[PDB]
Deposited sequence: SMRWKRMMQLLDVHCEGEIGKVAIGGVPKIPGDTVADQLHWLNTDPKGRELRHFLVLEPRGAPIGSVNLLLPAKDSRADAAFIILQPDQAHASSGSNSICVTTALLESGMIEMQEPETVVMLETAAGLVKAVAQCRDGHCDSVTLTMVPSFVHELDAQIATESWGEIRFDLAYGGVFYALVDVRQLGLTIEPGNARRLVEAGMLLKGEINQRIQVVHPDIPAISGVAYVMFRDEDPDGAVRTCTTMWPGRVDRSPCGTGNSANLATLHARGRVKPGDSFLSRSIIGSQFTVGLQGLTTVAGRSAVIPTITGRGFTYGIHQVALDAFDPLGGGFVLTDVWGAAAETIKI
């Protein structure tokens, strides 16, 4: 007897970026803290197997994340979650935090109050406050208060064959970013350059992670440069972003965590102060509002408290049988990218 054990997922997107939210049938993930759960997912073969089942073919596709809803361990939190992608499990994500909030409210798992509901999400990076503007059972907007974000290294350099010396910032916005001014590559962040930006982003991610090891100073489970995010500024002042994601695709959203990491660099450079906000646009022109709420410190260095505002849209529901002659999960380089061959 099959279809005895089903996982139920709500299909949601935030400004174009898919965040499936697994709400029922999520297995127990070992670990005493959510950070330990993240570590286990990224180091235990059973966690890899679980992630691959959910995110590789035939159940998964190159675009989108699977958010595992997990029990809150912190009494202040309404729920916990970890983000699954084809590269690894990740601690944090703006677009996916909005998807989870949207899903929790629109499914009735959390009481929806109008005109505003506060949802406290627990991540491996810390608590993320999600303030939802609600109307008629609809979650219209969500503003996240992201985890304390900081600069790791400003103005780093790396030599490359195609562009010569590339300057970039290494910064933390819930995961670690290499932040790269795109004009250095002689490219603009526009749909026609998506393939070229992916190839550049992957080259850079691979090289940077070979040269330097980064870890959160208080949270050992968060390590490595997750993504290279290309950045520019539009004529009207908006921050244009293109987060590249292994094994080779771009974030459809303006990227919450990448904007948080970038905000830490803007503050370090004297270009923003608390109370400031601005727009960020993705490669497809979708938009977030990015705010600087205030300052804090992380392990002795200056840090920022970012806010990220965007909208989630529920577009369906999936039931996946957990209990096939392929089965495990597979990829091919045709749509997953050259790097997928690994």
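- Gaps in the model relative to the deposited sequence occur at 1, 325 to 326, 346 to 348, listed in sequence order.
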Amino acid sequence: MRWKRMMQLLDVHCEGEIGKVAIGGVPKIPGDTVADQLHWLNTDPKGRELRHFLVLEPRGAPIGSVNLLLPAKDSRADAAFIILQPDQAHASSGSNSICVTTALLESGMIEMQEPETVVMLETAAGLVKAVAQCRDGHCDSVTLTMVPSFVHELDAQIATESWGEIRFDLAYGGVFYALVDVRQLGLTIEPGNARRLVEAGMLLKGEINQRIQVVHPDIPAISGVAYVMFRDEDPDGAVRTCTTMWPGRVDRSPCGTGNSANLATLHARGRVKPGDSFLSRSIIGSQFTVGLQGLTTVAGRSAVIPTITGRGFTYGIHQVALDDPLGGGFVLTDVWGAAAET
From here on, numbers count along this sequence of modelled residues.
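- In this entry, 126 to 134 has the higher mean Cα B-factor, the comparison being between 249 to 257 and 126 to 134.
- The deposited model assigns a higher average Cα B-factor to 205 to 213 than to the other stretch when 205 to 213 and 265 to 273 are compared.
- Within the group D87, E199, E161, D169, the record's highest C-alpha temperature factor is found at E161.
- When the C-alpha B-factors of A194, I110, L121, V151 are read from the PDB record, the largest value belongs to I110.
- The entry lists a Cα temperature factor for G300 that places it in the highest third of the chain's modelled residues.
- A79: CA B factor in the highest third of modelled residues in this chain (values from the PDB entry).
- For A321, the recorded CA B-factor ranks within the highest third of the chain. Only modelled residues enter the ranking.
- Split the chain's modelled residues into thirds by C-alpha temperature factor. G291 is in the lowest one.
- For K28, the recorded CA temperature factor ranks within the highest third of the chain's modelled residues.
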